[PDB]
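Novice: Following this line is entry-v8.tsv, made up of TSV, C-alpha atoms:
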chain	number	residue	atom	x	y	z
A	2	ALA	CA	86.11	93.11	116.39
A	3	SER	CA	86.43	91.01	113.27
A	4	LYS	CA	87.36	92.34	109.87
A	5	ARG	CA	84.86	91.94	107.04
A	6	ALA	CA	85.31	91.09	103.37
A	7	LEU	CA	82.91	91.48	100.43
A	8	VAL	CA	83.57	89.05	97.54
A	9	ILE	CA	81.57	89.99	94.45
A	10	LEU	CA	80.55	86.89	92.47
A	11	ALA	CA	79.35	87.25	88.88
A	12	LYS	CA	78.49	84.71	86.18
A	13	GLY	CA	81.69	83.60	84.52
A	14	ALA	CA	83.91	84.23	87.53
A	15	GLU	CA	86.91	81.95	87.89
A	16	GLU	CA	85.85	79.58	90.63
A	17	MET	CA	89.41	78.96	91.90
A	18	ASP	CA	90.03	82.73	92.13
A	19	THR	CA	86.78	82.94	94.10
A	20	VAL	CA	86.94	79.98	96.46
A	21	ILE	CA	90.60	80.09	97.51
A	22	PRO	CA	90.34	83.70	98.88
A	23	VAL	CA	86.95	83.05	100.52
A	24	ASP	CA	88.25	79.94	102.29
A	25	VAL	CA	91.61	81.38	103.32
A	26	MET	CA	89.98	84.59	104.61
A	27	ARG	CA	87.51	82.53	106.67
A	28	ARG	CA	90.46	80.50	108.09
A	29	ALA	CA	91.86	83.89	109.19
A	30	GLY	CA	88.68	84.71	111.14
A	31	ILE	CA	87.50	87.32	108.57
A	32	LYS	CA	83.72	87.58	108.16
A	33	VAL	CA	83.28	87.00	104.42
A	34	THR	CA	80.16	87.76	102.45
A	35	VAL	CA	79.99	86.08	99.04
A	36	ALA	CA	77.61	88.46	97.23
A	37	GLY	CA	75.96	87.57	93.95
A	38	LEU	CA	76.16	90.44	91.46
A	39	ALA	CA	72.89	89.48	89.81
A	40	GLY	CA	70.97	88.42	92.86
A	41	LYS	CA	70.86	85.59	95.44
A	42	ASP	CA	70.58	82.77	92.87
A	43	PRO	CA	73.37	80.28	92.25
A	44	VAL	CA	76.20	81.49	90.02
A	45	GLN	CA	77.66	79.44	87.15
A	46	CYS	CA	81.38	80.00	87.17
A	47	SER	CA	83.77	79.85	84.23
A	48	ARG	CA	84.48	76.07	84.54
A	49	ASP	CA	80.85	75.32	85.38
A	50	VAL	CA	81.22	75.03	89.16
A	51	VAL	CA	77.95	76.44	90.59
A	52	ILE	CA	78.28	78.46	93.79
A	53	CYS	CA	75.38	79.67	95.92
A	54	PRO	CA	76.06	83.17	97.21
A	55	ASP	CA	75.49	84.17	100.81
A	56	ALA	CA	73.50	87.22	99.74
A	57	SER	CA	72.68	89.35	96.75
A	58	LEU	CA	75.01	92.27	96.11
A	59	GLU	CA	71.93	94.54	96.48
A	60	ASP	CA	71.54	93.35	100.11
A	61	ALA	CA	75.26	93.04	100.96
A	62	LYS	CA	76.00	96.57	99.84
A	63	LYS	CA	73.54	97.86	102.46
A	64	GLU	CA	75.56	96.11	105.17
A	65	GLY	CA	78.87	97.67	104.61
A	66	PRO	CA	81.39	99.15	104.59
A	67	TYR	CA	83.83	96.33	104.36
A	68	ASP	CA	87.52	96.19	105.25
A	69	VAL	CA	88.23	94.68	101.81
A	70	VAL	CA	86.32	94.38	98.56
A	71	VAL	CA	87.53	91.40	96.50
A	72	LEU	CA	87.11	91.02	92.74
A	73	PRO	CA	87.76	87.51	91.38
A	74	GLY	CA	88.84	86.97	87.81
A	75	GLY	CA	87.53	84.99	84.90
A	76	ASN	CA	87.23	87.11	81.76
A	77	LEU	CA	83.44	86.97	81.56
A	78	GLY	CA	83.07	87.49	85.31
A	79	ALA	CA	85.35	90.55	85.18
A	80	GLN	CA	83.37	91.89	82.22
A	81	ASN	CA	80.18	91.60	84.24
A	82	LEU	CA	81.84	93.39	87.18
A	83	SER	CA	83.06	96.11	84.77
A	84	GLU	CA	79.53	96.74	83.43
A	85	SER	CA	77.83	97.07	86.84
A	86	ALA	CA	76.85	100.44	88.28
A	87	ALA	CA	76.52	98.84	91.73
A	88	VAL	CA	80.15	97.65	91.55
A	89	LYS	CA	81.22	101.12	90.42
A	90	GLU	CA	79.56	102.71	93.47
A	91	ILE	CA	80.97	100.13	95.91
A	92	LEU	CA	84.52	100.53	94.64
A	93	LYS	CA	84.32	104.33	94.49
A	94	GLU	CA	83.04	104.41	98.08
A	95	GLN	CA	85.78	101.98	99.18
A	96	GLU	CA	88.47	104.07	97.50
A	97	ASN	CA	87.09	107.28	99.05
A	98	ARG	CA	87.18	105.81	102.57
A	99	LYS	CA	90.70	104.46	102.05
A	100	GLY	CA	89.63	100.83	102.27
A	101	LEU	CA	91.49	97.92	100.68
A	102	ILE	CA	90.50	96.76	97.20
A	103	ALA	CA	91.84	93.37	96.03
A	104	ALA	CA	91.56	91.93	92.52
A	105	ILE	CA	93.06	88.85	90.83
A	106	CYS	CA	93.77	87.62	87.28
A	107	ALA	CA	91.26	89.44	84.95
A	108	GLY	CA	89.60	91.03	88.01
A	109	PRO	CA	91.79	94.16	87.99
A	110	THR	CA	90.34	95.15	84.61
A	111	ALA	CA	87.14	96.09	86.50
A	112	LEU	CA	89.26	98.69	88.34
A	113	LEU	CA	90.08	100.22	84.97
A	114	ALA	CA	86.43	100.20	83.93
A	115	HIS	CA	85.45	102.03	87.10
A	116	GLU	CA	88.42	104.42	87.07
A	117	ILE	CA	89.68	103.08	90.42
A	118	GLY	CA	93.23	103.48	91.68
A	119	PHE	CA	94.75	105.16	88.64
A	120	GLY	CA	98.46	105.80	89.15
A	121	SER	CA	98.95	102.53	91.07
A	122	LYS	CA	101.35	99.69	90.31
A	123	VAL	CA	99.28	96.61	89.43
A	124	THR	CA	99.59	93.10	88.11
A	125	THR	CA	97.07	90.96	86.20
A	126	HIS	CA	97.01	87.65	84.40
A	127	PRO	CA	99.46	87.98	81.52
A	128	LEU	CA	96.61	87.73	78.99
A	129	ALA	CA	94.79	90.66	80.70
A	130	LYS	CA	97.77	93.03	80.62
A	131	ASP	CA	96.88	94.79	77.37
A	132	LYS	CA	93.27	95.41	78.53
A	133	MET	CA	94.44	96.71	81.91
A	134	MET	CA	97.08	98.98	80.35
A	135	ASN	CA	94.84	100.63	77.76
A	136	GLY	CA	95.48	104.35	78.25
A	137	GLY	CA	98.49	103.89	80.51
A	138	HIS	CA	96.58	104.61	83.71
A	139	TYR	CA	98.50	102.05	85.80
A	140	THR	CA	102.12	100.90	85.96
A	141	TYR	CA	102.49	97.20	85.27
A	142	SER	CA	104.21	94.60	87.41
A	143	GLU	CA	105.05	90.95	86.93
A	144	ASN	CA	105.16	90.24	90.65
A	145	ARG	CA	102.91	87.40	91.72
A	146	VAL	CA	101.19	89.73	94.20
A	147	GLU	CA	101.44	93.52	93.91
A	148	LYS	CA	100.25	95.96	96.60
A	149	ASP	CA	100.43	99.67	96.10
A	150	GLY	CA	98.77	101.15	99.11
A	151	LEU	CA	95.07	100.21	99.02
A	152	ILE	CA	95.18	98.43	95.62
A	153	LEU	CA	96.18	94.77	95.94
A	154	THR	CA	96.41	92.70	92.76
A	155	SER	CA	97.59	89.24	91.66
A	156	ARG	CA	98.00	87.16	88.54
A	157	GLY	CA	96.12	83.86	88.34
A	158	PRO	CA	94.70	80.75	89.98
A	159	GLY	CA	98.22	79.67	90.80
A	160	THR	CA	98.89	82.90	92.72
A	161	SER	CA	95.56	82.82	94.58
A	162	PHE	CA	96.95	81.45	97.87
A	163	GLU	CA	99.60	84.23	97.89
A	164	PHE	CA	96.89	86.78	97.06
A	165	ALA	CA	94.58	85.55	99.79
A	166	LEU	CA	97.41	85.51	102.37
A	167	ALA	CA	98.35	89.06	101.40
A	168	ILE	CA	94.74	90.14	102.14
A	169	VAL	CA	94.94	88.29	105.47
A	170	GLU	CA	98.26	90.03	106.30
A	171	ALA	CA	96.79	93.44	105.39
A	172	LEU	CA	93.71	92.95	107.58
A	173	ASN	CA	94.87	90.72	110.46
A	174	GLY	CA	98.67	90.96	110.41
A	175	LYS	CA	101.71	88.90	109.55
A	176	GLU	CA	101.41	86.43	112.44
A	177	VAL	CA	97.84	85.44	111.53
A	178	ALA	CA	98.85	85.05	107.89
A	179	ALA	CA	101.74	82.76	108.89
A	180	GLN	CA	99.47	80.71	111.19
A	181	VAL	CA	96.83	80.28	108.42
A	182	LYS	CA	99.51	79.45	105.83
A	183	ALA	CA	101.16	76.50	107.57
A	184	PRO	CA	98.21	74.04	107.49
A	185	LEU	CA	97.69	74.72	103.80
A	186	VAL	CA	100.84	72.79	102.80
A	187	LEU	CA	102.11	75.48	100.40
A	188	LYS	CA	105.29	75.03	98.34
B	2	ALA	CA	86.98	59.97	73.14
B	3	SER	CA	87.19	62.08	76.26
B	4	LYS	CA	88.19	60.80	79.67
B	5	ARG	CA	85.68	61.07	82.50
B	6	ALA	CA	86.09	61.94	86.17
B	7	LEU	CA	83.72	61.43	89.11
B	8	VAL	CA	84.24	63.89	92.00
B	9	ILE	CA	82.30	62.84	95.09
B	10	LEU	CA	81.12	65.88	97.07
B	11	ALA	CA	79.95	65.46	100.66
B	12	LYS	CA	78.95	67.95	103.37
B	13	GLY	CA	82.08	69.23	105.02
B	14	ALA	CA	84.33	68.72	102.01
B	15	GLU	CA	87.21	71.16	101.64
B	16	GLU	CA	86.02	73.46	98.91
B	17	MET	CA	89.53	74.28	97.63
B	18	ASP	CA	90.36	70.55	97.40
B	19	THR	CA	87.12	70.16	95.44
B	20	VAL	CA	87.12	73.13	93.07
B	21	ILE	CA	90.79	73.21	92.02
B	22	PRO	CA	90.71	69.59	90.65
B	23	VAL	CA	87.29	70.06	89.02
B	24	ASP	CA	88.42	73.23	87.24
B	25	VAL	CA	91.86	71.98	86.21
B	26	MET	CA	90.40	68.68	84.92
B	27	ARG	CA	87.82	70.61	82.86
B	28	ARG	CA	90.65	72.79	81.44
B	29	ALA	CA	92.23	69.49	80.34
B	30	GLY	CA	89.10	68.50	78.40
B	31	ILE	CA	88.06	65.82	80.97
B	32	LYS	CA	84.31	65.37	81.37
B	33	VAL	CA	83.84	65.92	85.12
B	34	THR	CA	80.76	64.99	87.09
B	35	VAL	CA	80.51	66.66	90.50
B	36	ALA	CA	78.26	64.16	92.31
B	37	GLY	CA	76.57	64.95	95.59
B	38	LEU	CA	76.93	62.10	98.08
B	39	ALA	CA	73.61	62.88	99.74
B	40	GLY	CA	71.63	63.83	96.69
B	41	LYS	CA	71.37	66.66	94.11
B	42	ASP	CA	70.95	69.46	96.68
B	43	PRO	CA	73.60	72.10	97.30
B	44	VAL	CA	76.49	71.04	99.52
B	45	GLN	CA	77.84	73.16	102.40
B	46	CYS	CA	81.58	72.81	102.37
B	47	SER	CA	83.96	73.08	105.31
B	48	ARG	CA	84.47	76.89	105.00
B	49	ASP	CA	80.80	77.45	104.16
B	50	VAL	CA	81.15	77.75	100.38
B	51	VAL	CA	77.96	76.18	98.96
B	52	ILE	CA	78.39	74.18	95.75
B	53	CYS	CA	75.57	72.81	93.63
B	54	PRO	CA	76.43	69.36	92.33
B	55	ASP	CA	75.91	68.32	88.73
B	56	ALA	CA	74.08	65.17	89.81
B	57	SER	CA	73.39	63.00	92.80
B	58	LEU	CA	75.87	60.21	93.43
B	59	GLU	CA	72.92	57.78	93.07
B	60	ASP	CA	72.46	58.94	89.44
B	61	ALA	CA	76.15	59.45	88.59
B	62	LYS	CA	77.08	55.97	89.70
B	63	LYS	CA	74.70	54.55	87.09
B	64	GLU	CA	76.62	56.41	84.38
B	65	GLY	CA	80.01	55.03	84.93
B	66	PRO	CA	82.60	53.68	84.95
B	67	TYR	CA	84.89	56.63	85.17
B	68	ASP	CA	88.56	56.97	84.28
B	69	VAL	CA	89.20	58.52	87.72
B	70	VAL	CA	87.28	58.71	90.98
B	71	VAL	CA	88.32	61.76	93.04
B	72	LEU	CA	87.89	62.11	96.80
B	73	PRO	CA	88.35	65.65	98.15
B	74	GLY	CA	89.41	66.24	101.73
B	75	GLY	CA	88.00	68.15	104.63
B	76	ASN	CA	87.81	66.02	107.77
B	77	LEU	CA	84.02	65.96	107.98
B	78	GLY	CA	83.68	65.41	104.23
B	79	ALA	CA	86.12	62.48	104.36
B	80	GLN	CA	84.21	61.04	107.32
B	81	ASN	CA	81.02	61.16	105.30
B	82	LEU	CA	82.76	59.46	102.36
B	83	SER	CA	84.13	56.81	104.76
B	84	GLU	CA	80.64	55.99	106.11
B	85	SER	CA	78.95	55.57	102.70
B	86	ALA	CA	78.16	52.15	101.26
B	87	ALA	CA	77.74	53.73	97.81
B	88	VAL	CA	81.30	55.11	97.99
B	89	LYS	CA	82.56	51.71	99.12
B	90	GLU	CA	80.98	50.03	96.07
B	91	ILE	CA	82.25	52.69	93.63
B	92	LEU	CA	85.81	52.47	94.89
B	93	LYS	CA	85.82	48.67	95.05
B	94	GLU	CA	84.54	48.52	91.45
B	95	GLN	CA	87.15	51.10	90.35
B	96	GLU	CA	89.95	49.15	92.03
B	97	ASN	CA	88.74	45.87	90.48
B	98	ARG	CA	88.75	47.35	86.96
B	99	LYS	CA	92.19	48.88	87.47
B	100	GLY	CA	90.93	52.45	87.26
B	101	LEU	CA	92.63	55.46	88.85
B	102	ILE	CA	91.58	56.56	92.33
B	103	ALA	CA	92.74	60.02	93.50
B	104	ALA	CA	92.38	61.44	97.01
B	105	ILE	CA	93.72	64.60	98.69
B	106	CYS	CA	94.36	65.87	102.24
B	107	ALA	CA	91.96	63.91	104.58
B	108	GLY	CA	90.39	62.24	101.52
B	109	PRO	CA	92.73	59.22	101.54
B	110	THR	CA	91.35	58.16	104.92
B	111	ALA	CA	88.20	57.05	103.04
B	112	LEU	CA	90.45	54.56	101.19
B	113	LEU	CA	91.36	53.09	104.56
B	114	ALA	CA	87.71	52.91	105.60
B	115	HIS	CA	86.83	51.03	102.44
B	116	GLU	CA	89.93	48.80	102.46
B	117	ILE	CA	91.11	50.21	99.11
B	118	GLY	CA	94.67	50.00	97.85
B	119	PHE	CA	96.28	48.40	100.88
B	120	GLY	CA	100.02	47.96	100.37
B	121	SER	CA	100.33	51.26	98.45
B	122	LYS	CA	102.58	54.22	99.21
B	123	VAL	CA	100.35	57.18	100.09
B	124	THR	CA	100.47	60.71	101.41
B	125	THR	CA	97.84	62.71	103.32
B	126	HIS	CA	97.60	66.01	105.13
B	127	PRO	CA	100.07	65.81	108.00
B	128	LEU	CA	97.22	65.91	110.53
B	129	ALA	CA	95.56	62.89	108.83
B	130	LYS	CA	98.66	60.68	108.90
B	131	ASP	CA	97.87	58.87	112.16
B	132	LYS	CA	94.30	58.06	111.00
B	133	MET	CA	95.53	56.82	107.61
B	134	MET	CA	98.29	54.70	109.17
B	135	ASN	CA	96.14	52.93	111.76
B	136	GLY	CA	96.98	49.25	111.28
B	137	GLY	CA	99.96	49.87	109.01
B	138	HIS	CA	98.09	49.05	105.82
B	139	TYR	CA	99.86	51.70	103.73
B	140	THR	CA	103.41	53.05	103.56
B	141	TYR	CA	103.59	56.76	104.25
B	142	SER	CA	105.17	59.45	102.10
B	143	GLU	CA	105.80	63.15	102.59
B	144	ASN	CA	105.87	63.87	98.86
B	145	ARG	CA	103.48	66.58	97.80
B	146	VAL	CA	101.88	64.16	95.32
B	147	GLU	CA	102.33	60.38	95.61
B	148	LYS	CA	101.28	57.89	92.92
B	149	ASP	CA	101.66	54.19	93.42
B	150	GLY	CA	100.07	52.63	90.41
B	151	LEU	CA	96.32	53.36	90.50
B	152	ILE	CA	96.34	55.15	93.90
B	153	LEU	CA	97.15	58.85	93.58
B	154	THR	CA	97.27	60.93	96.77
B	155	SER	CA	98.26	64.45	97.86
B	156	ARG	CA	98.56	66.55	100.99
B	157	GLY	CA	96.51	69.74	101.19
B	158	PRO	CA	94.92	72.78	99.54
B	159	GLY	CA	98.38	74.04	98.72
B	160	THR	CA	99.21	70.85	96.80
B	161	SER	CA	95.88	70.76	94.95
B	162	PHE	CA	97.19	72.20	91.65
B	163	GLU	CA	99.99	69.57	91.63
B	164	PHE	CA	97.42	66.88	92.47
B	165	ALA	CA	95.05	67.98	89.73
B	166	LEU	CA	97.87	68.17	87.15
B	167	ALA	CA	99.00	64.67	88.12
B	168	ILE	CA	95.46	63.40	87.38
B	169	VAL	CA	95.55	65.26	84.05
B	170	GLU	CA	98.96	63.70	83.23
B	171	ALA	CA	97.67	60.22	84.13
B	172	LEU	CA	94.57	60.54	81.94
B	173	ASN	CA	95.60	62.83	79.06
B	174	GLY	CA	99.41	62.80	79.12
B	175	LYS	CA	102.34	65.02	79.97
B	176	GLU	CA	101.91	67.46	77.07
B	177	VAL	CA	98.28	68.26	77.99
B	178	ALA	CA	99.28	68.70	81.63
B	179	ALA	CA	102.04	71.15	80.63
B	180	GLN	CA	99.66	73.07	78.33
B	181	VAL	CA	97.01	73.36	81.10
B	182	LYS	CA	99.64	74.33	83.69
B	183	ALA	CA	101.13	77.37	81.94
B	184	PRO	CA	98.05	79.67	82.03
B	185	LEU	CA	97.56	78.95	85.72
B	186	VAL	CA	100.61	81.05	86.72
B	187	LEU	CA	102.03	78.43	89.12
B	188	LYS	CA	105.18	79.05	91.17
Please lay out the structure from this file as structure tokens.

Specialist:
Amino acid sequence: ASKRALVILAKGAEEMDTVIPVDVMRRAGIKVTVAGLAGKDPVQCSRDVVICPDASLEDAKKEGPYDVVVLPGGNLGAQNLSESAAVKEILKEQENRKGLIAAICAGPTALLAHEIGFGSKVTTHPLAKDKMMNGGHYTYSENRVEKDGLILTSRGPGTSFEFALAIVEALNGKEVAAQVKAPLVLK
Amino acid sequence: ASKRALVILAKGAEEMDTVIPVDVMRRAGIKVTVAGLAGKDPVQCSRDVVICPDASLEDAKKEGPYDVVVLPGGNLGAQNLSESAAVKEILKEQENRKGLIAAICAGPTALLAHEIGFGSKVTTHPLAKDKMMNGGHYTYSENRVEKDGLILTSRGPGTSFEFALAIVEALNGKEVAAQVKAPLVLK
């Protein structure tokens, strides 16, 4: 049985925050669906890399549930995730079934928007801290990767390998994470 | 005047090796053209991320010269780069005009194929060393980023931020590289 990941890709997403987890999860043997928030059409990311999703979110949501739901960052991408009723329902359903939710950089601010995981320790990009902390619903961390039960968060493009490997460890174990890590040539 | 980069994107390219330099160079104010080797159509990368190029290589080559030519890795992507007469002519012209050439992971093996930069110190992914060193035309290094004049090389996805920032330093200087680096949240 392979584990399955849903990566929700919106216009303005940070392309590094998107691609590094997709690639590293696929190296781990996870079945990853890159789902376009707005449909199946190509998505223009924050630094103008254009990525073609595997499916629309409308279609991918009918194929779950997923062992992890991943929210990339990019301020405008996270804003789009935060405004979507479909994303709200996916995350609420994932939380209710005790499934992992992973978000990086500005991505965790969509958790706030959707009232997901309140009372958890979280990290974000430093510039997203004030947005995430509005109302005091989370406890903040400066760790590069933070995991408080089912809520897994991380800080930025430069923490995206660590983030992705933490997802891999959570789903497929420490040994698979270590095996996937070595050929990456990480610090 | 902004500096310009040509990133040559072939089927089977490593998507992390591709996207991290494109994004980081754009953060540095470099004008980056992601050029599809085979045409303008979307490119299926090694871990199945599909990237839409900005232009075909046929068109982008008519718009140079470029201040850097970047060759991503991925074994099958590097093989495609190595087999292309267009890539041979671009790299030969770049070498002749004393322009920077940057290649990561398996990417440097296309330099060997095209007889570019012989006599330079280079690095590659560890698994690409034997291919790169066939004939002894380069001197090998285990540094995470190696630069020997105009030939700039690096090892893997996990060295791609360092690689990209070395390109930025070469084109736009140390201060711009440091400014771009800080918001990335690197180790």

Novice: To one decimal place, how far is atom CA of residue B:106 from atom CA of residue A:55 in Å?

Specialist: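 These two atoms are separated by 26.3 Å.
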
Novice: Could you fit chain A onto chain B with a least-squares superposition over all C-alpha atoms, matched one to one in order, and give me the transformed chain as a compact mmCIF listing (two decimals) with C-alpha atoms, keeping the file's coordinate frame?

Specialist:
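That gives us selection-v8.txt:
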# COMPACT_ATOMS: atom_id res chain seq x y z
CA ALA A 2 86.98 59.97 73.14
CA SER A 3 87.19 62.08 76.26
CA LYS A 4 88.19 60.81 79.66
CA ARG A 5 85.68 61.07 82.50
CA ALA A 6 86.09 61.94 86.17
CA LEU A 7 83.71 61.43 89.11
CA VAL A 8 84.24 63.89 92.00
CA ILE A 9 82.30 62.84 95.09
CA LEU A 10 81.12 65.88 97.07
CA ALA A 11 79.94 65.46 100.66
CA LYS A 12 78.95 67.95 103.36
CA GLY A 13 82.09 69.23 105.02
CA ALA A 14 84.34 68.72 102.01
CA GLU A 15 87.21 71.16 101.64
CA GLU A 16 86.02 73.47 98.91
CA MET A 17 89.54 74.28 97.63
CA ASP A 18 90.36 70.55 97.40
CA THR A 19 87.12 70.16 95.43
CA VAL A 20 87.12 73.13 93.07
CA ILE A 21 90.78 73.21 92.02
CA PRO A 22 90.72 69.59 90.65
CA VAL A 23 87.29 70.06 89.01
CA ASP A 24 88.42 73.24 87.24
CA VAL A 25 91.85 71.98 86.21
CA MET A 26 90.40 68.69 84.92
CA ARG A 27 87.82 70.61 82.86
CA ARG A 28 90.65 72.80 81.44
CA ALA A 29 92.23 69.49 80.34
CA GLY A 30 89.10 68.50 78.39
CA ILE A 31 88.06 65.83 80.96
CA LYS A 32 84.30 65.36 81.38
CA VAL A 33 83.84 65.92 85.12
CA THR A 34 80.77 64.99 87.09
CA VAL A 35 80.51 66.66 90.50
CA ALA A 36 78.26 64.16 92.31
CA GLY A 37 76.57 64.96 95.60
CA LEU A 38 76.93 62.10 98.08
CA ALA A 39 73.61 62.88 99.74
CA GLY A 40 71.63 63.84 96.69
CA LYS A 41 71.37 66.66 94.11
CA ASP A 42 70.94 69.46 96.68
CA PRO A 43 73.59 72.10 97.30
CA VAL A 44 76.49 71.04 99.53
CA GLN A 45 77.84 73.16 102.39
CA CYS A 46 81.58 72.81 102.37
CA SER A 47 83.96 73.08 105.31
CA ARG A 48 84.47 76.90 105.00
CA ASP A 49 80.80 77.45 104.16
CA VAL A 50 81.15 77.76 100.38
CA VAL A 51 77.96 76.18 98.95
CA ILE A 52 78.40 74.18 95.75
CA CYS A 53 75.56 72.81 93.63
CA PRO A 54 76.43 69.35 92.34
CA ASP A 55 75.91 68.32 88.74
CA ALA A 56 74.09 65.17 89.81
CA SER A 57 73.39 63.00 92.80
CA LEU A 58 75.87 60.21 93.44
CA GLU A 59 72.92 57.78 93.07
CA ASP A 60 72.46 58.95 89.44
CA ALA A 61 76.16 59.46 88.59
CA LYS A 62 77.09 55.97 89.70
CA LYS A 63 74.70 54.55 87.09
CA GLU A 64 76.62 56.41 84.37
CA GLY A 65 80.01 55.03 84.93
CA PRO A 66 82.60 53.68 84.95
CA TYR A 67 84.89 56.63 85.18
CA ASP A 68 88.57 56.97 84.28
CA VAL A 69 89.20 58.52 87.72
CA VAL A 70 87.28 58.71 90.97
CA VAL A 71 88.33 61.75 93.03
CA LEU A 72 87.89 62.11 96.79
CA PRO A 73 88.35 65.65 98.15
CA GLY A 74 89.41 66.25 101.72
CA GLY A 75 87.99 68.15 104.63
CA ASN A 76 87.81 66.02 107.77
CA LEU A 77 84.02 65.96 107.98
CA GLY A 78 83.67 65.42 104.23
CA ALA A 79 86.12 62.48 104.36
CA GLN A 80 84.21 61.04 107.32
CA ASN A 81 81.01 61.16 105.30
CA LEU A 82 82.76 59.46 102.36
CA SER A 83 84.13 56.81 104.77
CA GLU A 84 80.64 55.99 106.11
CA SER A 85 78.96 55.57 102.70
CA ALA A 86 78.16 52.15 101.26
CA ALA A 87 77.74 53.73 97.81
CA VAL A 88 81.30 55.12 97.99
CA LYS A 89 82.56 51.71 99.12
CA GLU A 90 80.98 50.03 96.07
CA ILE A 91 82.25 52.68 93.63
CA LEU A 92 85.81 52.47 94.90
CA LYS A 93 85.82 48.67 95.05
CA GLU A 94 84.54 48.52 91.46
CA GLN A 95 87.15 51.09 90.35
CA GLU A 96 89.95 49.15 92.03
CA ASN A 97 88.74 45.87 90.48
CA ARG A 98 88.75 47.35 86.96
CA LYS A 99 92.19 48.88 87.48
CA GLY A 100 90.93 52.45 87.26
CA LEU A 101 92.63 55.46 88.85
CA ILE A 102 91.58 56.56 92.33
CA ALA A 103 92.74 60.02 93.50
CA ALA A 104 92.38 61.44 97.01
CA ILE A 105 93.72 64.60 98.70
CA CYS A 106 94.36 65.86 102.25
CA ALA A 107 91.96 63.91 104.58
CA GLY A 108 90.38 62.23 101.52
CA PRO A 109 92.74 59.23 101.54
CA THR A 110 91.35 58.16 104.92
CA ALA A 111 88.20 57.05 103.03
CA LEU A 112 90.46 54.57 101.19
CA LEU A 113 91.36 53.08 104.56
CA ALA A 114 87.72 52.91 105.60
CA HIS A 115 86.83 51.03 102.43
CA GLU A 116 89.93 48.80 102.46
CA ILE A 117 91.11 50.21 99.11
CA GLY A 118 94.67 50.00 97.85
CA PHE A 119 96.29 48.40 100.88
CA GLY A 120 100.02 47.96 100.37
CA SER A 121 100.34 51.25 98.45
CA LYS A 122 102.58 54.22 99.21
CA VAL A 123 100.35 57.18 100.09
CA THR A 124 100.47 60.71 101.41
CA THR A 125 97.84 62.71 103.32
CA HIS A 126 97.60 66.01 105.12
CA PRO A 127 100.07 65.81 108.00
CA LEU A 128 97.21 65.91 110.53
CA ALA A 129 95.55 62.88 108.83
CA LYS A 130 98.66 60.68 108.90
CA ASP A 131 97.87 58.87 112.15
CA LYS A 132 94.29 58.06 111.00
CA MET A 133 95.53 56.82 107.62
CA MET A 134 98.29 54.70 109.17
CA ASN A 135 96.14 52.93 111.76
CA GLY A 136 96.98 49.25 111.27
CA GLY A 137 99.96 49.87 109.01
CA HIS A 138 98.09 49.05 105.81
CA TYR A 139 99.87 51.71 103.72
CA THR A 140 103.42 53.05 103.56
CA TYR A 141 103.59 56.77 104.25
CA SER A 142 105.16 59.46 102.11
CA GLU A 143 105.81 63.15 102.58
CA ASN A 144 105.87 63.86 98.86
CA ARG A 145 103.47 66.58 97.80
CA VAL A 146 101.88 64.16 95.32
CA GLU A 147 102.33 60.39 95.61
CA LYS A 148 101.27 57.89 92.92
CA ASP A 149 101.65 54.19 93.42
CA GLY A 150 100.07 52.62 90.41
CA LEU A 151 96.33 53.36 90.50
CA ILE A 152 96.35 55.15 93.90
CA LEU A 153 97.15 58.85 93.58
CA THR A 154 97.27 60.93 96.76
CA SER A 155 98.26 64.45 97.86
CA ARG A 156 98.56 66.55 100.98
CA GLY A 157 96.51 69.75 101.18
CA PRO A 158 94.92 72.77 99.55
CA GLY A 159 98.38 74.04 98.72
CA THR A 160 99.22 70.85 96.80
CA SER A 161 95.89 70.75 94.95
CA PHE A 162 97.20 72.20 91.65
CA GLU A 163 99.99 69.56 91.63
CA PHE A 164 97.42 66.87 92.46
CA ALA A 165 95.05 67.97 89.74
CA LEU A 166 97.87 68.17 87.15
CA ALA A 167 99.00 64.67 88.12
CA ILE A 168 95.45 63.40 87.39
CA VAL A 169 95.55 65.26 84.06
CA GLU A 170 98.96 63.70 83.22
CA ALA A 171 97.67 60.22 84.13
CA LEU A 172 94.57 60.54 81.95
CA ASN A 173 95.60 62.83 79.07
CA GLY A 174 99.41 62.79 79.11
CA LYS A 175 102.34 65.01 79.97
CA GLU A 176 101.90 67.46 77.08
CA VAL A 177 98.29 68.26 77.99
CA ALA A 178 99.28 68.70 81.63
CA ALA A 179 102.04 71.15 80.63
CA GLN A 180 99.66 73.07 78.33
CA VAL A 181 97.00 73.36 81.10
CA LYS A 182 99.64 74.33 83.69
CA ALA A 183 101.12 77.37 81.95
CA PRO A 184 98.05 79.66 82.03
CA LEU A 185 97.57 78.96 85.72
CA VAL A 186 100.61 81.05 86.72
CA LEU A 187 102.02 78.44 89.12
CA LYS A 188 105.18 79.06 91.18

Novice: Quick check: residues of chain A within 6 Å of chain B, only C-alpha atoms, returned as an mmCIF file with C-alpha atoms, in the frame of the given file.

Specialist:
data_model
loop_
_atom_site.group_PDB
_atom_site.id
_atom_site.type_symbol
_atom_site.label_atom_id
_atom_site.label_comp_id
_atom_site.auth_asym_id
_atom_site.auth_seq_id
_atom_site.Cartn_x
_atom_site.Cartn_y
_atom_site.Cartn_z
ATOM 1 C CA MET A 17 89.410 78.960 91.900
ATOM 2 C CA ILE A 21 90.600 80.090 97.510
ATOM 3 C CA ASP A 24 88.250 79.940 102.290
ATOM 4 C CA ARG A 48 84.480 76.070 84.540
ATOM 5 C CA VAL A 51 77.950 76.440 90.590
ATOM 6 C CA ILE A 52 78.280 78.460 93.790
ATOM 7 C CA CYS A 53 75.380 79.670 95.920
ATOM 8 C CA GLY A 157 96.120 83.860 88.340
ATOM 9 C CA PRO A 158 94.700 80.750 89.980
ATOM 10 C CA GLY A 159 98.220 79.670 90.800
ATOM 11 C CA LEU A 185 97.690 74.720 103.800
ATOM 12 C CA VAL A 186 100.840 72.790 102.800
ATOM 13 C CA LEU A 187 102.110 75.480 100.400
#
